[PDB]
file final.cif (mmCIF, N, CA, C and O atoms)
data_protein
loop_
_atom_site.label_atom_id
_atom_site.label_comp_id
_atom_site.auth_asym_id
_atom_site.auth_seq_id
_atom_site.Cartn_x
_atom_site.Cartn_y
_atom_site.Cartn_z
N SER A 98 -49.65 -127.28 -120.61
CA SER A 98 -48.63 -127.92 -121.49
C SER A 98 -47.53 -128.58 -120.66
O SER A 98 -47.13 -128.07 -119.60
N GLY A 99 -47.07 -129.73 -121.15
CA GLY A 99 -46.00 -130.48 -120.52
C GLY A 99 -44.69 -130.29 -121.26
O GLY A 99 -43.80 -131.12 -121.15
N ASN A 100 -44.57 -129.20 -122.02
CA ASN A 100 -43.36 -128.94 -122.82
C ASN A 100 -42.29 -128.21 -122.01
O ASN A 100 -42.58 -127.18 -121.41
N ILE A 101 -41.06 -128.73 -122.02
CA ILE A 101 -39.93 -128.02 -121.41
C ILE A 101 -38.80 -127.84 -122.40
O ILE A 101 -38.66 -128.63 -123.33
N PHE A 102 -38.02 -126.77 -122.23
CA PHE A 102 -36.74 -126.65 -122.95
C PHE A 102 -35.60 -126.69 -121.95
O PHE A 102 -35.77 -126.32 -120.78
N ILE A 103 -34.46 -127.17 -122.41
CA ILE A 103 -33.30 -127.39 -121.56
C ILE A 103 -32.15 -126.73 -122.28
O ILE A 103 -31.87 -127.09 -123.42
N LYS A 104 -31.49 -125.79 -121.61
CA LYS A 104 -30.47 -124.97 -122.23
C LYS A 104 -29.13 -125.20 -121.56
O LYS A 104 -29.07 -125.70 -120.43
N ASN A 105 -28.05 -124.87 -122.27
CA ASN A 105 -26.70 -125.08 -121.77
C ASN A 105 -26.35 -126.56 -121.56
O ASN A 105 -25.59 -126.91 -120.64
N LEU A 106 -26.91 -127.42 -122.42
CA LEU A 106 -26.53 -128.83 -122.50
C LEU A 106 -25.16 -128.99 -123.09
O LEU A 106 -24.82 -128.33 -124.08
N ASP A 107 -24.37 -129.90 -122.51
CA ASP A 107 -23.13 -130.35 -123.14
C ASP A 107 -23.49 -130.90 -124.53
O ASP A 107 -24.51 -131.59 -124.69
N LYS A 108 -22.67 -130.58 -125.52
CA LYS A 108 -22.99 -130.90 -126.92
C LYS A 108 -22.79 -132.38 -127.26
O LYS A 108 -23.16 -132.82 -128.35
N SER A 109 -22.21 -133.13 -126.32
CA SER A 109 -22.08 -134.58 -126.46
C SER A 109 -23.34 -135.35 -126.03
O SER A 109 -23.42 -136.56 -126.26
N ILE A 110 -24.30 -134.68 -125.40
CA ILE A 110 -25.59 -135.32 -125.05
C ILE A 110 -26.41 -135.50 -126.32
O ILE A 110 -26.58 -134.55 -127.08
N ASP A 111 -26.87 -136.72 -126.55
CA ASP A 111 -27.70 -137.05 -127.69
C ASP A 111 -29.13 -137.33 -127.23
O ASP A 111 -29.40 -137.24 -126.03
N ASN A 112 -30.04 -137.65 -128.15
CA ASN A 112 -31.45 -137.87 -127.79
C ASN A 112 -31.67 -138.94 -126.71
O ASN A 112 -32.49 -138.75 -125.81
N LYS A 113 -30.93 -140.04 -126.79
CA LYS A 113 -31.08 -141.14 -125.83
C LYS A 113 -30.62 -140.74 -124.42
O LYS A 113 -31.27 -141.08 -123.44
N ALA A 114 -29.49 -140.04 -124.34
CA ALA A 114 -29.02 -139.47 -123.07
C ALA A 114 -30.03 -138.47 -122.49
O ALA A 114 -30.27 -138.47 -121.29
N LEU A 115 -30.64 -137.64 -123.34
CA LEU A 115 -31.68 -136.71 -122.90
C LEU A 115 -32.89 -137.46 -122.34
O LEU A 115 -33.38 -137.12 -121.25
N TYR A 116 -33.35 -138.48 -123.07
CA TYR A 116 -34.47 -139.32 -122.63
C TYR A 116 -34.14 -139.93 -121.28
O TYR A 116 -34.96 -139.90 -120.37
N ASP A 117 -32.95 -140.52 -121.17
CA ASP A 117 -32.53 -141.13 -119.92
C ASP A 117 -32.51 -140.15 -118.73
O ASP A 117 -32.80 -140.54 -117.61
N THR A 118 -32.19 -138.89 -118.98
CA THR A 118 -32.17 -137.87 -117.93
C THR A 118 -33.60 -137.48 -117.48
O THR A 118 -33.84 -137.22 -116.30
N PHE A 119 -34.54 -137.46 -118.41
CA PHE A 119 -35.87 -136.90 -118.12
C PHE A 119 -37.03 -137.89 -117.98
O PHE A 119 -38.12 -137.51 -117.52
N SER A 120 -36.80 -139.16 -118.32
CA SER A 120 -37.86 -140.18 -118.28
C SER A 120 -38.36 -140.45 -116.87
O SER A 120 -39.49 -140.94 -116.69
N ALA A 121 -37.53 -140.13 -115.88
CA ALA A 121 -37.92 -140.21 -114.47
C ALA A 121 -39.24 -139.49 -114.12
O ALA A 121 -40.03 -139.98 -113.30
N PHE A 122 -39.48 -138.34 -114.76
CA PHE A 122 -40.48 -137.37 -114.26
C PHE A 122 -41.90 -137.59 -114.77
O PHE A 122 -42.86 -137.09 -114.18
N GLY A 123 -42.04 -138.36 -115.84
CA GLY A 123 -43.35 -138.62 -116.40
C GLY A 123 -43.26 -139.30 -117.74
O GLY A 123 -42.18 -139.67 -118.20
N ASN A 124 -44.42 -139.47 -118.36
CA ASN A 124 -44.52 -140.06 -119.67
C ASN A 124 -44.01 -139.07 -120.71
O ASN A 124 -44.55 -137.98 -120.83
N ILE A 125 -42.99 -139.48 -121.45
CA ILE A 125 -42.40 -138.62 -122.49
C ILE A 125 -43.02 -138.98 -123.85
O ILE A 125 -42.99 -140.14 -124.27
N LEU A 126 -43.58 -137.96 -124.49
CA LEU A 126 -44.16 -138.06 -125.83
C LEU A 126 -43.09 -137.92 -126.90
O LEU A 126 -43.07 -138.67 -127.87
N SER A 127 -42.23 -136.93 -126.74
CA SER A 127 -41.10 -136.80 -127.64
C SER A 127 -39.99 -136.06 -126.94
O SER A 127 -40.19 -135.38 -125.92
N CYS A 128 -38.79 -136.18 -127.48
CA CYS A 128 -37.70 -135.39 -126.96
C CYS A 128 -36.55 -135.42 -127.90
O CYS A 128 -36.29 -136.43 -128.55
N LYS A 129 -35.89 -134.29 -128.01
CA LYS A 129 -34.83 -134.16 -128.98
C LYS A 129 -33.84 -133.10 -128.58
O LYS A 129 -34.20 -132.13 -127.91
N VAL A 130 -32.60 -133.31 -129.00
CA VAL A 130 -31.58 -132.29 -128.94
C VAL A 130 -31.61 -131.58 -130.28
O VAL A 130 -31.55 -132.22 -131.33
N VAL A 131 -31.71 -130.25 -130.25
CA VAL A 131 -31.74 -129.49 -131.49
C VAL A 131 -30.33 -129.39 -132.10
O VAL A 131 -29.35 -129.09 -131.39
N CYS A 132 -30.25 -129.67 -133.40
CA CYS A 132 -28.97 -129.66 -134.09
C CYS A 132 -29.06 -128.96 -135.45
O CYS A 132 -30.13 -128.88 -136.05
N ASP A 133 -27.92 -128.43 -135.89
CA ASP A 133 -27.81 -127.80 -137.20
C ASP A 133 -26.85 -128.63 -138.05
O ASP A 133 -26.59 -129.79 -137.73
N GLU A 134 -26.30 -128.03 -139.11
CA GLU A 134 -25.39 -128.74 -140.01
C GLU A 134 -24.14 -129.25 -139.27
O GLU A 134 -23.55 -130.26 -139.66
N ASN A 135 -23.75 -128.54 -138.21
CA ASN A 135 -22.50 -128.82 -137.51
C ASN A 135 -22.67 -129.52 -136.16
O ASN A 135 -21.79 -129.43 -135.30
N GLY A 136 -23.79 -130.22 -135.99
CA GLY A 136 -24.02 -131.02 -134.79
C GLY A 136 -24.95 -130.35 -133.79
O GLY A 136 -25.66 -129.39 -134.14
N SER A 137 -24.94 -130.83 -132.55
CA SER A 137 -25.78 -130.30 -131.48
C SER A 137 -25.65 -128.78 -131.35
O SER A 137 -24.55 -128.21 -131.49
N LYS A 138 -26.78 -128.12 -131.11
CA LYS A 138 -26.78 -126.69 -130.85
C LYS A 138 -26.81 -126.40 -129.33
O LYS A 138 -26.90 -125.25 -128.90
N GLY A 139 -26.70 -127.46 -128.53
CA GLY A 139 -26.54 -127.30 -127.09
C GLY A 139 -27.82 -127.04 -126.32
O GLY A 139 -27.78 -126.54 -125.18
N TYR A 140 -28.97 -127.35 -126.94
CA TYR A 140 -30.24 -127.29 -126.22
C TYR A 140 -31.21 -128.39 -126.65
O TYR A 140 -31.05 -128.99 -127.70
N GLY A 141 -32.19 -128.66 -125.79
CA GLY A 141 -33.11 -129.75 -126.05
C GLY A 141 -34.54 -129.44 -125.66
O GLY A 141 -34.82 -128.46 -124.96
N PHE A 142 -35.43 -130.29 -126.16
CA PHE A 142 -36.86 -130.18 -125.88
C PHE A 142 -37.35 -131.52 -125.35
O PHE A 142 -36.94 -132.58 -125.84
N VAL A 143 -38.22 -131.48 -124.35
CA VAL A 143 -38.89 -132.70 -123.89
C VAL A 143 -40.36 -132.35 -123.77
O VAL A 143 -40.73 -131.35 -123.14
N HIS A 144 -41.19 -133.16 -124.41
CA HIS A 144 -42.64 -133.01 -124.37
C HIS A 144 -43.23 -134.08 -123.46
O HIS A 144 -43.28 -135.26 -123.84
N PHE A 145 -43.65 -133.69 -122.25
CA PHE A 145 -44.30 -134.65 -121.36
C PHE A 145 -45.78 -134.63 -121.64
O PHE A 145 -46.32 -133.63 -122.08
N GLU A 146 -46.44 -135.74 -121.33
CA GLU A 146 -47.90 -135.83 -121.41
C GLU A 146 -48.61 -134.83 -120.46
O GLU A 146 -49.65 -134.27 -120.81
N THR A 147 -48.06 -134.61 -119.27
CA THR A 147 -48.69 -133.71 -118.30
C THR A 147 -47.84 -132.54 -117.84
O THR A 147 -46.59 -132.60 -117.83
N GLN A 148 -48.53 -131.47 -117.46
CA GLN A 148 -47.93 -130.29 -116.84
C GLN A 148 -47.21 -130.63 -115.54
O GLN A 148 -46.11 -130.14 -115.29
N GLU A 149 -47.82 -131.49 -114.72
CA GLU A 149 -47.22 -131.88 -113.45
C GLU A 149 -45.87 -132.56 -113.65
O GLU A 149 -44.94 -132.34 -112.85
N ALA A 150 -45.73 -133.35 -114.72
CA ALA A 150 -44.45 -133.99 -115.02
C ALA A 150 -43.39 -132.96 -115.32
O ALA A 150 -42.26 -133.07 -114.84
N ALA A 151 -43.75 -131.97 -116.14
CA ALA A 151 -42.85 -130.85 -116.47
C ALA A 151 -42.38 -130.10 -115.20
O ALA A 151 -41.19 -129.76 -115.08
N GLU A 152 -43.29 -129.89 -114.26
CA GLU A 152 -42.97 -129.19 -113.02
C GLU A 152 -42.02 -130.01 -112.15
O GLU A 152 -41.15 -129.45 -111.51
N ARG A 153 -42.21 -131.33 -112.13
CA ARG A 153 -41.31 -132.23 -111.40
C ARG A 153 -39.92 -132.17 -112.02
O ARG A 153 -38.92 -132.12 -111.30
N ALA A 154 -39.86 -132.17 -113.35
CA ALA A 154 -38.56 -132.08 -114.06
C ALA A 154 -37.81 -130.78 -113.74
O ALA A 154 -36.58 -130.78 -113.48
N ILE A 155 -38.54 -129.67 -113.78
CA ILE A 155 -37.97 -128.34 -113.47
C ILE A 155 -37.47 -128.29 -112.04
O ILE A 155 -36.35 -127.84 -111.78
N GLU A 156 -38.29 -128.78 -111.11
CA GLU A 156 -37.95 -128.76 -109.69
C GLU A 156 -36.61 -129.46 -109.46
O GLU A 156 -35.74 -128.95 -108.76
N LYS A 157 -36.44 -130.64 -110.05
CA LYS A 157 -35.26 -131.47 -109.81
C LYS A 157 -34.03 -131.05 -110.63
O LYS A 157 -32.91 -131.12 -110.14
N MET A 158 -34.25 -130.63 -111.87
CA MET A 158 -33.16 -130.48 -112.85
C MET A 158 -32.70 -129.06 -113.15
O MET A 158 -31.57 -128.86 -113.61
N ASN A 159 -33.57 -128.07 -112.92
CA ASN A 159 -33.19 -126.68 -113.22
C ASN A 159 -32.00 -126.26 -112.34
O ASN A 159 -32.05 -126.38 -111.12
N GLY A 160 -30.93 -125.81 -112.98
CA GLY A 160 -29.73 -125.38 -112.27
C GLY A 160 -28.74 -126.47 -111.89
O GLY A 160 -27.69 -126.18 -111.31
N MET A 161 -29.08 -127.72 -112.20
CA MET A 161 -28.25 -128.87 -111.84
C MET A 161 -27.08 -129.07 -112.82
O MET A 161 -27.12 -128.60 -113.96
N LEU A 162 -26.05 -129.77 -112.36
CA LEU A 162 -24.90 -130.13 -113.19
C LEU A 162 -25.22 -131.31 -114.10
O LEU A 162 -25.58 -132.39 -113.63
N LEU A 163 -25.09 -131.09 -115.40
CA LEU A 163 -25.09 -132.16 -116.39
C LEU A 163 -23.76 -132.02 -117.13
O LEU A 163 -23.54 -131.05 -117.86
N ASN A 164 -22.87 -132.99 -116.90
CA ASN A 164 -21.45 -132.84 -117.23
C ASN A 164 -20.86 -131.69 -116.42
O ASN A 164 -21.13 -131.58 -115.22
N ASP A 165 -20.07 -130.83 -117.05
CA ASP A 165 -19.43 -129.71 -116.34
C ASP A 165 -20.27 -128.43 -116.34
O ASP A 165 -19.80 -127.36 -115.93
N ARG A 166 -21.53 -128.55 -116.76
CA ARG A 166 -22.31 -127.39 -117.16
C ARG A 166 -23.67 -127.38 -116.45
O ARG A 166 -24.39 -128.38 -116.48
N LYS A 167 -24.00 -126.27 -115.79
CA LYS A 167 -25.32 -126.11 -115.19
C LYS A 167 -26.33 -125.97 -116.31
O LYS A 167 -26.12 -125.18 -117.25
N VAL A 168 -27.40 -126.74 -116.23
CA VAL A 168 -28.46 -126.61 -117.21
C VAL A 168 -29.57 -125.72 -116.67
O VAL A 168 -29.85 -125.70 -115.46
N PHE A 169 -30.20 -125.00 -117.58
CA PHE A 169 -31.45 -124.34 -117.30
C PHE A 169 -32.56 -125.24 -117.84
O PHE A 169 -32.43 -125.80 -118.94
N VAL A 170 -33.63 -125.40 -117.06
CA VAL A 170 -34.84 -126.11 -117.50
C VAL A 170 -36.06 -125.19 -117.24
O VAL A 170 -36.22 -124.65 -116.13
N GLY A 171 -36.89 -124.99 -118.27
CA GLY A 171 -38.04 -124.10 -118.14
C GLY A 171 -39.24 -124.56 -118.94
O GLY A 171 -39.08 -125.34 -119.87
N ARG A 172 -40.43 -124.11 -118.56
CA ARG A 172 -41.64 -124.38 -119.33
C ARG A 172 -41.68 -123.52 -120.59
O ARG A 172 -41.29 -122.35 -120.57
N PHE A 173 -42.19 -124.09 -121.67
CA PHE A 173 -42.51 -123.30 -122.86
C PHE A 173 -43.55 -122.23 -122.60
O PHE A 173 -43.41 -121.09 -123.06
N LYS A 174 -44.61 -122.61 -121.89
CA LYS A 174 -45.69 -121.70 -121.54
C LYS A 174 -45.85 -121.67 -120.03
O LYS A 174 -45.90 -122.72 -119.39
N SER A 175 -45.91 -120.47 -119.46
CA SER A 175 -46.03 -120.32 -118.01
C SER A 175 -47.49 -120.41 -117.56
O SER A 175 -48.42 -120.23 -118.36
N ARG A 176 -47.70 -120.71 -116.27
CA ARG A 176 -49.04 -120.76 -115.69
C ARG A 176 -49.69 -119.38 -115.70
O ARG A 176 -48.99 -118.36 -115.67
N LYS A 177 -51.02 -119.35 -115.77
CA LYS A 177 -51.77 -118.10 -115.82
C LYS A 177 -51.62 -117.29 -114.53
O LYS A 177 -51.61 -117.85 -113.43
N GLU A 178 -51.48 -115.98 -114.68
CA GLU A 178 -51.30 -115.06 -113.54
C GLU A 178 -51.85 -113.68 -113.88
O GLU A 178 -51.52 -113.11 -114.92
#
call {"tool": "encode", "arguments": {"input": "final.cif", "output": "structure tokens"}}
result
Amino acid sequence: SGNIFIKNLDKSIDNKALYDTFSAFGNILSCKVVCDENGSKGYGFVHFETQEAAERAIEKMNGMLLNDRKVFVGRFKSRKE
């Protein structure tokens, strides 16, 4: 799976800003910032076409500063072990 979640996003990041941050790593099928009645919930999803794209995204972006806030980036499903 090429699915990643991104946590601790600044709540001013919208879908287009998310796309712009992650489009570097591979072909994006979908991506969204999750929101409720009161706006962004501070996390997002990016669905890449490939697993390798997801791994490139994690390598570069996990723990990095997006605005004033370190983001976590992780796979939805981990590799077999």
call {"tool": "closest_residue", "arguments": {"input": "final.cif", "among": "A:163, A:117, A:150, A:110", "to": "residue 138 of chain A", "atoms": "all atoms listed in the file"}}
result
A:110
call {"tool": "resolve_selection", "arguments": {"input": "final.cif", "expression": "the PyMOL selection byres ((chain A and resi 131) around 8)", "output": "PyMOL selection string"}}
result
chain A and resi 103+108+110+112+128-130+132-133+136-142
call {"tool": "atom_distance", "arguments": {"input": "final.cif", "atom1": "atom N of residue 144 of chain A", "atom2": "atom O of residue 165 of chain A"}}
result
23.7 Å
call {"tool": "axis_aligned_box", "arguments": {"input": "final.cif", "around": "segment 135-144 of chain A", "padding_each_side": "8 Å", "output": "AutoDock Vina command-line options"}}
result
--center_x -32.5 --center_y -130.3 --center_z -130.7 --size_x 37.5 --size_y 26.0 --size_z 31.1
call {"tool": "select_by_dssp", "arguments": {"input": "final.cif", "residues": "chain A", "states": "strand (DSSP E or B)", "output": "number ranges by chain"}}
result
A: 100-104, 125-133, 136-145, 162-163, 166-167, 169-172
call {"tool": "resolve_selection", "arguments": {"input": "final.cif", "expression": "the PyMOL selection byres ((chain A and resi 169) around 5)", "output": "list in words"}}
result
residues 102, 103, 104, 159, 160, 167, 168, 170 and 171 of chain A
call {"tool": "atom_distance", "arguments": {"input": "final.cif", "atom1": "atom CA of residue 162 of chain A", "atom2": "atom O of residue 126 of chain A"}}
result
24.9 Å
call {"tool": "atom_distance", "arguments": {"input": "final.cif", "atom1": "atom CA of residue 176 of chain A", "atom2": "atom O of residue 148 of chain A"}}
result
9.8 Å
call {"tool": "closest_residue", "arguments": {"input": "final.cif", "among": "A:127, A:120, A:164, A:135", "to": "residue 100 of chain A", "atoms": "only N, CA, C and O atoms"}}
result
A:127
call {"tool": "closest_residue", "arguments": {"input": "final.cif", "among": "A:158, A:114, A:125, A:106", "to": "residue 145 of chain A", "atoms": "only N, CA, C and O atoms"}}
result
A:125
call {"tool": "closest_residue", "arguments": {"input": "final.cif", "among": "A:177, A:122, A:107, A:101", "to": "residue 153 of chain A", "atoms": "only N, CA, C and O atoms"}}
result
A:122
call {"tool": "closest_residue", "arguments": {"input": "final.cif", "among": "A:157, A:173, A:143, A:152", "to": "residue 115 of chain A", "atoms": "all atoms listed in the file"}}
result
A:143
call {"tool": "select_by_dssp", "arguments": {"input": "final.cif", "residues": "segment 112-168 of chain A", "states": "alpha helix (DSSP H)", "output": "ChimeraX atom specification"}}
result
/A:112-119,148-158
call {"tool": "decode", "arguments": {"input": "final.cif", "residues": "segment 105-177 of chain A", "atoms": "C-alpha atoms", "output": "CSV table (one decimal), in the first residue's frame"}}
result
chain,number,residue,atom,x,y,z
A,105,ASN,CA,0.4,17.2,13.9
A,106,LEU,CA,-0.3,19.3,10.8
A,107,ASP,CA,-0.8,23.0,11.3
A,108,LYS,CA,-4.6,23.5,11.0
A,109,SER,CA,-4.1,26.2,8.3
A,110,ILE,CA,-2.8,23.6,5.8
A,111,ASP,CA,-5.6,22.8,3.3
A,112,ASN,CA,-5.8,20.0,0.6
A,113,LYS,CA,-3.8,22.0,-2.0
A,114,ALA,CA,-1.0,22.8,0.5
A,115,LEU,CA,-0.9,19.1,1.4
A,116,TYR,CA,-0.7,18.1,-2.3
A,117,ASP,CA,2.1,20.6,-2.8
A,118,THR,CA,4.1,19.1,0.1
A,119,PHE,CA,3.8,15.5,-1.0
A,120,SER,CA,3.5,15.5,-4.9
A,121,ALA,CA,7.3,15.4,-5.0
A,122,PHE,CA,7.5,11.7,-3.9
A,123,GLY,CA,5.2,10.0,-6.4
A,124,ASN,CA,1.9,9.8,-8.2
A,125,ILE,CA,-0.8,10.9,-5.8
A,126,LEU,CA,-4.2,9.2,-6.2
A,127,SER,CA,-5.9,11.2,-3.5
A,128,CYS,CA,-5.1,13.4,-0.5
A,129,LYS,CA,-7.1,15.2,2.1
A,130,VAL,CA,-6.9,17.0,5.3
A,131,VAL,CA,-9.5,15.5,7.7
A,132,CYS,CA,-12.0,18.0,9.1
A,133,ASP,CA,-15.0,18.1,11.3
A,134,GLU,CA,-17.8,20.7,11.8
A,135,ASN,CA,-15.2,23.1,13.2
A,136,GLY,CA,-12.5,22.9,10.5
A,137,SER,CA,-9.3,20.9,10.1
A,138,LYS,CA,-8.6,18.2,12.7
A,139,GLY,CA,-4.9,18.6,12.2
A,140,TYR,CA,-4.1,15.4,10.3
A,141,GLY,CA,-4.1,14.3,6.7
A,142,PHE,CA,-4.0,11.3,4.3
A,143,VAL,CA,-2.1,10.9,1.1
A,144,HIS,CA,-2.7,7.8,-1.1
A,145,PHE,CA,0.2,7.2,-3.5
A,146,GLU,CA,0.1,4.8,-6.4
A,147,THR,CA,3.2,2.9,-5.0
A,148,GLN,CA,4.7,1.7,-1.7
A,149,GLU,CA,8.1,3.1,-2.8
A,150,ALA,CA,6.6,6.6,-3.1
A,151,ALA,CA,5.2,6.3,0.4
A,152,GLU,CA,8.6,5.3,1.7
A,153,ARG,CA,10.3,8.2,0.0
A,154,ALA,CA,7.7,10.6,1.6
A,155,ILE,CA,8.4,9.1,5.1
A,156,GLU,CA,12.1,9.2,4.7
A,157,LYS,CA,12.1,12.9,3.8
A,158,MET,CA,9.1,14.3,5.8
A,159,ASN,CA,8.8,12.3,9.0
A,160,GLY,CA,9.8,14.5,11.9
A,161,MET,CA,10.3,17.6,9.7
A,162,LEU,CA,9.1,21.1,10.4
A,163,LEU,CA,5.8,22.1,8.6
A,164,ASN,CA,5.1,25.6,10.0
A,165,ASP,CA,6.1,25.7,13.7
A,166,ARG,CA,5.2,22.0,14.2
A,167,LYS,CA,7.1,18.7,13.6
A,168,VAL,CA,4.9,16.4,11.6
A,169,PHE,CA,4.7,12.6,12.0
A,170,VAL,CA,4.4,10.7,8.7
A,171,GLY,CA,3.7,6.9,8.7
A,172,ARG,CA,2.4,4.0,6.6
A,173,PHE,CA,-1.2,2.8,7.2
A,174,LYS,CA,0.1,-0.8,6.8
A,175,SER,CA,3.6,-1.9,7.8
A,176,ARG,CA,5.8,-4.3,5.8
A,177,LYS,CA,5.6,-8.0,6.6
